[PDB]
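Here is the structure we will look at.
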Amino acid sequence: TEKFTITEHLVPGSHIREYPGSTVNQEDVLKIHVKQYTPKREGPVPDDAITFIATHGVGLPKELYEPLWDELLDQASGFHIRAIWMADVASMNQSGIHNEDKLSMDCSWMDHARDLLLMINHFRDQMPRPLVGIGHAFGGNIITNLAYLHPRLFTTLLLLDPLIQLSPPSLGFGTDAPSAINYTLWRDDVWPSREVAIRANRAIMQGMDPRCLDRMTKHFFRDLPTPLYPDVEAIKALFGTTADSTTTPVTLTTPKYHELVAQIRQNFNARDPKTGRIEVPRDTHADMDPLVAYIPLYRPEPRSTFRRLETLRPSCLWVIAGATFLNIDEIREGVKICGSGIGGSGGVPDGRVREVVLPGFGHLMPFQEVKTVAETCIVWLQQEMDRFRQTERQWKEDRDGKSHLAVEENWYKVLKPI
Amino acid sequence: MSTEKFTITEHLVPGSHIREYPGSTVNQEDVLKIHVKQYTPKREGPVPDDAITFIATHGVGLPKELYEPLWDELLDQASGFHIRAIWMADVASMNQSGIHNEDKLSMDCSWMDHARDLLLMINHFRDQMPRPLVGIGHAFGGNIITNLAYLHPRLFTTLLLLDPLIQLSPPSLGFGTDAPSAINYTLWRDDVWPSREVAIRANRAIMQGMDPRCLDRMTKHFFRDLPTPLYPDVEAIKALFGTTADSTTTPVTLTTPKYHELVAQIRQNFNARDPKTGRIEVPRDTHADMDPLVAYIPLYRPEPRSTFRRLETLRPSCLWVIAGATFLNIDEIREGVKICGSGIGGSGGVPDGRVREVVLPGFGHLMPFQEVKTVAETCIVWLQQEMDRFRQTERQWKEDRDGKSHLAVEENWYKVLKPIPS
Ligand SMILES: COc1c(C)c2c(c(O)c1C/C=C(\C)CCC(=O)O)C(=O)OC2
Ligand SMILES: COc1c(C)c2c(c(O)c1C/C=C(\C)CCC(=O)O)C(=O)OC2
């Protein structure tokens, strides 16, 4: 918004959710809240200007990414931005508010891939090639699954600390340390005032770019009443603030429960009570690897996504936070195999995949190190746009004066008659 | 319009933005449309709440209307399920869709595009398509509907695959000692005739043994009167055939140009060998989807092989209806049946009774048009078993969910997930 016009949209998402308990009724129409960022521009839009399709991390409002968009435009070299499109996942942020009477206690990351495919088809007239995907965290997983759904859709992908790995998270089982997931279930989720909520959440905002701070305090917290906290006076009574009629309690805009059921999924029925043996229940958990069913929580998408990486068609930049809490070593094995097999870009051996590990940077680097994250993206984009322009030109040259109606002469040389 | 048992509604709906192969259209941003027929039973009573929405896909160059007698038979013989409606689209490059798109089509075809076209169609008509949905695919349509199930695992309750093109081996293409196949025939075949009566006789192989109801639809839909883009000059063709004096005959051509059948049956692989080493080097700009193991010949078809390799992940239950006297690699198909749904994402497959093969001795690739009543009967037996399972699993789901909050997680979460140490 330093550099862009913002257009808001509310678009219907994918019919029939991957998990039946993700909505109140299985036919519910979830909507996604989209912001479209169009650069303020005197001249006409260049013909190869990029359409960016961006996805956020769990519980992170799309508006937090606006400084990154400003930096991408400010530092753009050898490419133009037609527009950046970022949607809130249906169960989170502004989308979750719009869908609040239809949401329920489940979440598949795959649904947002289908929601985005629908969005792109809805706005196709404003989204000519080239398209580029950007995904942060579970958004990195989602944008990769969109590339699996539609291999030639994206020219390239920009993954920012993507949740693509094999190993389950730490969940405090046995000797394991409780993780952000344990924290999410048990965390405070309501405060007597926005001022108290902001002070109580100093940790998540430490190191944030000042431009992100204002967006965080506005979007991360929501005034009561909400469906989870429908009674303002009952919460003032809980905090003993009833006498202050001027102040409104706030809650997490994305309920902690909607963060939680995106971070991890219940596996409460995997063990035969007689044999003690794991038997995957296919009615509810067909997508669960029996090897991860040993604990009563799982997350299928990081592992399924990792195992399909050799098929990833677009070129792919993996920007990894050196101080991430994700399994950095598994992520780097993902980089190595990415695009190397059938359907694939050609991967690291063809120079179609690169890792940049940013030492000392954390998971929230898109809000803490906006300029360096943008710079890393721009270097890759200028190389990929050079390759795009050359391969597009060579395509047109090779197609020049070929028929649209009948096959070329070589067919009659290779395929014998009867 | 009407079949024996159904109201027909026609639709023209935009397909998927950006085609899998750039040469499948004149311009890469072209908006292809799919011509859809929606078949709604003529019905006295209200529509039951579990009535099935069928999404159907055809074989290469086979007009959707050929499937209408099969739809009539499904409805006439339906037992233990109701039909909400049957929806069948023509693939963008074929049949009525190809006519609508004729100025935008070009010489390439990915089967994966029709899977995305159908996903868009279902979302467009979602208000008329509550669960349960069931997929039906014939031949390359069997491949397509399976890839739709890969795109959206929980979309279909079950799939009905009629001689699906899912196997590992390339087709026979007359290389070396190999017999030429229907693919060789497709490139070289006559594709224009002085009259529809002559065109019917020239096409007798594809029509032999057809049910009379399918024959009438074939003679109406398989041929198109000139002019067309490929044959834009009626008088030039009457001159070629010596029928200029005869005002009573109009030349006809294939409704689906032979070239659009051909580029669906097989894809050029004209640049797979390093000219220096003679070694196969898959060119990733054009052939990223090509297995180097099938790149030894200058033609390939990726989708049967990719689809086969993902079968263990197929979520819906799956009926494999195989023609006795099919042109498919029947032994590879039977290995596909064995693994179908057996892995991660999968139904549970043959060991859980979620996958069944019915190989009908002596039947033919075109069995959906030649043995309509028996094909319908095979489908109905499977559908009644699957709908019993659907009703039971839906009831058990509702029962298990009955106590539960939509807003907050159940108590068990606080038992399994310990708090952070204070
Ligand atoms: C402990 O961190 C993990 C790890 C290692 C894994 C998963 C997971 O959910 C979390 C919590 C995810 C968080 C806090 C934010 C994600 C985002 O910003 O999108 C998982 O699913 O497999 C591996
Ligand atoms: C000779 O038949 C084959 C075989 C065996 C294979 C393929 C193929 O394209 C054809 C021709 C395809 C047709 C006739 C389409 C049929 C339809 O869809 O009704 C393939 O890709 O692997 C195996």
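Whatever order the structure lists them in is the order used to number ligands and atoms, beginning at 1. FYI, side chains are in, hydrogens and waters are out, and symmetry mates aren't considered; it's all heavy atoms of this structure. Reminder, nothing fancy here: chain letters follow the sequence lines and each chain counts from 1.
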Subset of ligand 1 atoms that lie under 4.0 Å from at least one heavy atom of [X]:
| X | value |
| --- | --- |
| A:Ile181 | 8 (C), 9 (O), 10 (C), 11 (C) |
| A:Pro302 | 20 (C), 21 (O), 22 (O) |
| A:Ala137 | 17 (C), 18 (O), 19 (O) |
| A:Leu326 | 4 (C), 5 (C) |

Passes side chain to side chain contact (heavy atoms under 4.5 Å, CB included), B:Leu160 versus B:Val321? Steps please. CA-CA 7 Å; B:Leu160 279 37; B:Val321 187; 5.9 Å; no

Are a donor atom and an acceptor atom from the side chains of [X] and [Y] found within less than 3.5 Å of each other?
| X | Y | result |
| --- | --- | --- |
| B:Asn147 | B:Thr307 | yes |
| B:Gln265 | B:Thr186 | yes |
| A:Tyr294 | A:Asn267 | no |
| B:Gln96 | B:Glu65 | yes |
| B:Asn184 | B:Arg189 | no |
| A:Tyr298 | A:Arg265 | yes |
| A:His363 | A:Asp161 | yes |

Protein contact of [atom] - nearest heavy atom, named by residue and atom, plus distance:
| atom | result |
| --- | --- |
| atom 23 (C) of ligand 2 | B:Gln167 NE2, 3.1 Å |
| atom 1 (C) of ligand 2 | B:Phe327 CD1, 3.4 Å |
| atom 7 (C) of ligand 1 | A:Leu163 CD2, 3.7 Å |
| atom 15 (C) of ligand 2 | B:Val60 CG2, 3.7 Å |
| atom 18 (O) of ligand 1 | A:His363 NE2, 2.8 Å |
| atom 6 (C) of ligand 2 | B:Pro171 CB, 3.6 Å |
| atom 13 (C) of ligand 2 | B:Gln265 CG, 4.0 Å |

Proximity of B:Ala264 to ligand 2 by residue part, where a heavy atom lies under 4.0 Å: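 Looking at B:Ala264 and ligand 2, no heavy atom falls under 4.0 Å.
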
Taking non-hydrogen atoms only, is B:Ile266 closer than 4.0 angstrom to ligand 2 via side chain, backbone, both or neither? neither

Between [X] and ligand 1, which part of the residue brings a heavy atom under 4.0 Å of the ligand: side chain, backbone, both or neither?
| X | answer |
| --- | --- |
| A:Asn327 | neither |
| A:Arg299 | side chain |
| A:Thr184 | neither |
| A:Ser167 | backbone |

Kindly state whether the ring of B:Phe140 and the ring of B:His114 have centres lying under 6.0 angstrom apart.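 Ring centroids of B:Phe140 and B:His114 are no less than 6.0 Å from each other.
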
A:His136-A:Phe367 aromatic ring centre distance below 6.0 Å: yes

Nearest option to atom 14 (C) of ligand 1, as decided by whichever heavy atom of A:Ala180, A:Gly140, A:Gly57, A:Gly139 sits closest: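 Among A:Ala180, A:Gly140, A:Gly57, A:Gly139, the closest heavy atom to atom 14 (C) of ligand 1 belongs to A:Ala180.
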
As a quick check of understanding, evaluate side chain to side chain contact (heavy atoms under 4.5 Å, CB included) for A:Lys62 and A:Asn93, giving each step before the final call. CA-CA 8 Å; A:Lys62 63 191 179 306; A:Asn93 308 150; 5.6 Å; no

Considering distance alone, does some N or O of A:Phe138 sit under 3.5 Å from an N or O of ligand 1? yes

Would A:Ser179 count as a polar contact of ligand 1, with the cut-off being nitrogen or oxygen pairs under 3.5 Å?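 So ligand 1 has no N or O lying under 3.5 Å from an N or O of A:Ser179.
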
Step by step, work out the side chain to side chain contact (heavy atoms under 4.5 Å, CB included) result for A:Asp189 and A:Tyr257. CA-CA 10 Å; A:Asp189 70 351; A:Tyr257 305 110; 4.2 Å; yes

